[PDB]
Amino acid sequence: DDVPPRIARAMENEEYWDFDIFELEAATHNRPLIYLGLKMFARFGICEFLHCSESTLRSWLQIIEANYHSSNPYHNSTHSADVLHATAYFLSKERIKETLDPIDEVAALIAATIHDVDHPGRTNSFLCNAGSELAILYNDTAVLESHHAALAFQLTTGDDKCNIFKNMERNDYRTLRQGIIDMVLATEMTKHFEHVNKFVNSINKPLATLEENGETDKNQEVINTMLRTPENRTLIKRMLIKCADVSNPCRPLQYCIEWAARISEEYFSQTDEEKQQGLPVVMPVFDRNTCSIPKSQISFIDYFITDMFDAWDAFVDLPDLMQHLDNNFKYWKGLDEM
């Protein structure tokens, strides 16, 4: 409640897409998730739904954010705060409110908070090839993604003060647990095109068929009934967490460049270690001695981001994000200068 002024000023216009997350990072001293989490959870009313105190929520945000590695350029507390901001923005849209339930809103915001907890600044492929403790523990199968969700519940339910899922019905927690686990696992790279294609085939293509008929009152209930099913709601949640996780190319110009620099620097750390130890180089293009950052972002946007956000835009309607995506794509093209 009694928040200091710079951090209060940093979280002024938080409902808007244009948001200075790096000012909040600098203001909070690499503790943006606890301050942004408290406001976002209070605005939606998470602890009113979950039945918990503010002290229970603060201890949960404290222990979670502590396990985020500050030494990592990209995968740190500030990334999850940005993903939590992206998640809350999509939940606030007219399409998502009428489609999803309050249990899904809570599942999304909690998942966004924990989705990269205890990230070692290294990919799944690095851990499997190196033979890391988690690679052996999870059998080279969603090594990081399973560790993020597992460790999050270990820290939450393990301690009594940190447990936000204390005063809940066994059925409500069981449903909410499965919802969070699914969204955290859906962020995995290998399952990208599977989750994108299912969103197009099961939601967008049927919805395009029904919208061609008209705006009839009976037709809206057919659209509502179809989208609100347990299967399609899960596919929307899978798509929402995936877009929110990689929303940095659809941000304002100065924020887009900063996120690109961090994730690039993180891959160069991995590439130097792989060459030193004598491991198989999984990302040869991302080497500090050879990598064009502008050209790499153009490759990244064309392969993954363009088609994903196109489908997501068709469903939700996101004029700000696609306008930023166009401006940032043209900016990287301008930096060639040859």
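In case it trips you up, residue 1 is the first one in the sequence shown, and so on. In this text, the rigid core denotes the largest set of C-alpha atoms whose superposition between the two forms falls within 1.5 Å.
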- Query: Is the larger C-alpha RMS shift in 8 other deposited structures of this protein, relative to this form with the rigid core superposed, found in 97-105 or in 210-218?
  - Reply: 210-218
- Between 273-281 and 303-311, the record assigns the higher mean Cα B factor to 273-281
- Query: Higher mean Cα B-factor in the deposited model: 236-244 or 209-217?
  - Reply: 209-217
- Residue selected from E188, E258, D160, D182 by maximal Cα B factor: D160
- Item | Highest recorded Cα temperature factor - choice among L91, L151, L227, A135 | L227
- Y74: CA B-factor among chain residues, third -> lowest
- Modelled-residue ranking by C-alpha temperature factor, third containing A108: lowest
- Message: Quick check on the deposited entry: does the C-alpha B-factor of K330 sit in the lowest, middle or highest third of its chain?
- Response: middle
- Note on the structure: For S202, the third of its chain by CA B-factor is the middle
- Item | CA B-factor placement of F268, once the chain's modelled residues are sorted into thirds | middle
